[PDB]
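Below is a structure I'd like to ask you about.
In what follows, residues are counted from 1 in the order of the sequence shown. Atoms within each ligand, like the ligands themselves, are counted from 1 in listed order.
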Amino acid sequence: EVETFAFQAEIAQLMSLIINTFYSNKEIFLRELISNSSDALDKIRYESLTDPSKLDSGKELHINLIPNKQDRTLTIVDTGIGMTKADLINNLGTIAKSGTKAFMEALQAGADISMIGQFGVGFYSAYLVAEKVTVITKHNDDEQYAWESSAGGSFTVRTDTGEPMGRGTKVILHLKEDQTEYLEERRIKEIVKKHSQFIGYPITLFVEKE
Ligand SMILES: NCCNC(=O)[C@H]1O[C@@H](n2cnc3c(N)ncnc32)[C@H](O)[C@@H]1O
Ligand SMILES: [Mg+2]
Ligand SMILES: [Mg+2]
């Protein structure tokens with residue numbers, strides 16, 4: 001069973017700005033998604049201090065980058081706190097705790113899209129390079145869910161079965177046809193070293209089987 005939701009208007013507007021603004025420095029999407037993963041890892045790390053059983057779903061705190069040229073996907077995986085169903089809907093579908101409004105105003109006042117993470121909306125930079133984004137997530141004490149959107153003002157949520165994660169989040173970027181440079185090992189390595197070199201968790205770049 002698939003549920004379909006409308007983005008909050010301001011989030012739809014933000015996504016359209018990201019999709020339609022001419023802006024060549026697209027590579028910053030990866031730093032923003034890695035940063036979100038790092039935040040999620042900080043959160044489960046902290047919660048596990050006072051409740052060690054929260055790591056029963058996996059003790060290792062890390063980030064995996066998985067390119068697949070056959071599927072034309074780049075997946076950012078973490079073993080962070082994950083998201084409940086309500087978290088998915090609120091945190092990806094609405095302004096929530098973010099500086100969405102401040103960012104859109106800033107872009108009219110000299111700011112540029114690379115500053116998106118300063119406003120807590122870095123997730124949407126995925127749409128610089130992806131035509132569709134799928135988010136698979138598992139939080140302690142909720143079930144596994146799949147969130148999905150190709151923008152256009154709506155997203156879907158369904159339960160996800162058959163490939164259970166222990167705990168965390170997978171952001172699957174279905175890349176635009178002209179953005180396949182981000183599947184190349186040397187390109188990914190270059191971007192991680194440039195923008196994500198101080199992240200306090202291991203980042204493992206998977207090798208392609210083909
Ligand atoms: N809708 C405004 C932007 N807010 C978010 O993208 C929020 O979604 C959640 N989020 C994004 N990527 C995540 C991730 N990899 N793990 C856990 N939560 C994540 C965070 O709460 C983040 O602040
Ligand atoms: Mg938020
Ligand atoms: Mg928990």
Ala40 heavy atoms, cut-off 4.0 Å: which ligand 1 atoms fall inside? 16 (N), 17 (C)
Would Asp56 and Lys54 pass as an ion pair if we require N to O under 4.0 Å? no
Residue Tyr124 vicinity, atoms of ligand 1 by number, heavy atom under 4.0 Å: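 What qualifies from ligand 1 is 1 (N), 2 (C), 3 (C).
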Which part of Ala96 is near ligand 1, with near meaning a heavy atom under 4.0 Å away: side chain, backbone, both or neither? neither
Below 4.0 Å from any atom of ligand 1, is there a heavy atom belonging to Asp87?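 No heavy atom of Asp87 comes that close to ligand 1.
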Numbering the atoms of ligand 1 from 1, which are under 4.0 Å from a heavy atom of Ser98? 2 (C)
Should the heavy atoms of other residues, nucleotides or ligands under 6.0 Å from CD of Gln197 be counted, would the total exceed 12? yes
Which of the ligand 1 atoms, numbered from 1, are nearer than 4.0 Å to a heavy atom of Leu92: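 Result: 6 (O), 8 (O).
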Output yes when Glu143 and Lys138 qualify as a salt bridge under the 4.0 Å nitrogen-oxygen rule, no when they do not.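 No.
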Quick check on contacts: which atoms of ligand 1 are under 4.0 angstrom from a heavy atom of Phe123?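 Those of ligand 1 that fall under 4.0 Å from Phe123 are 6 (O).
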Can you get from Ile19 to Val135 by hopping between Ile, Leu, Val, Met, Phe, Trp and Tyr side chains that sit under 4.5 Å apart?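 The answer is yes; both residues are in one hydrophobic cluster.
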Before giving the answer on side-chain hydrogen bond (donor to acceptor under 3.5 Å, both in side chains), spell out for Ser98 and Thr100 the whole-Å C-alpha distance, their side-chain angles and the decisive distance to 0.1 Å. CA-CA 6 Å; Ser98 75; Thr100 294; 2.8 Å; yes
What about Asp78: any of its N or O atoms under 3.5 Å from an N or O on ligand 1?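 In this structure, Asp78 places an N or O atom under 3.5 Å from an N or O of ligand 1.
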Closest to atom 11 (C) of ligand 1 (judged by heavy-atom distance), picking from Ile76, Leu33, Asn36: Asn36
Is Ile95 close enough to touch ligand 1? Criterion: a residue heavy atom under 4.0 Å from a ligand atom.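 Yes, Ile95 has a heavy atom closer than 4.0 Å to ligand 1.
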Do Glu131 and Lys176 meet the salt-bridge criterion of a basic N to acidic O distance under 4.0 Å?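 Result for this pair is no, no salt bridge flagged.
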Per-atom contacts of ligand 1 with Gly120, taking only distances under 4.0 Å to non-hydrogen atoms: 3 (C), 4 (N)
If the cut-off is 4.0 Å to any non-hydrogen atom of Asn91, which atoms of ligand 1 fall inside it?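 Result: 1 (N), 2 (C), 3 (C), 4 (N), 5 (C), 6 (O), 7 (C), 8 (O), 9 (C), 21 (O).
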Are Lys69 and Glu208 ion-paired here, with the side-chain N under 4.0 Å from a carboxylate O?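 Looking at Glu208 together with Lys69, the answer is yes, because their closest N to O distance falls below 4.0 Å.
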So for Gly80, does at least one of its heavy atoms come nearer than 4.0 angstrom to any atom of ligand 1? no
So does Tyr23 get a backbone contact from the side chain of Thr21, meaning a donor-acceptor N/O pair under 3.5 Å?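 It does not hold such a pair.
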Could you tell me whether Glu27 and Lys194 have a side-chain N and a carboxylate O separated by less than 4.0 Å? yes
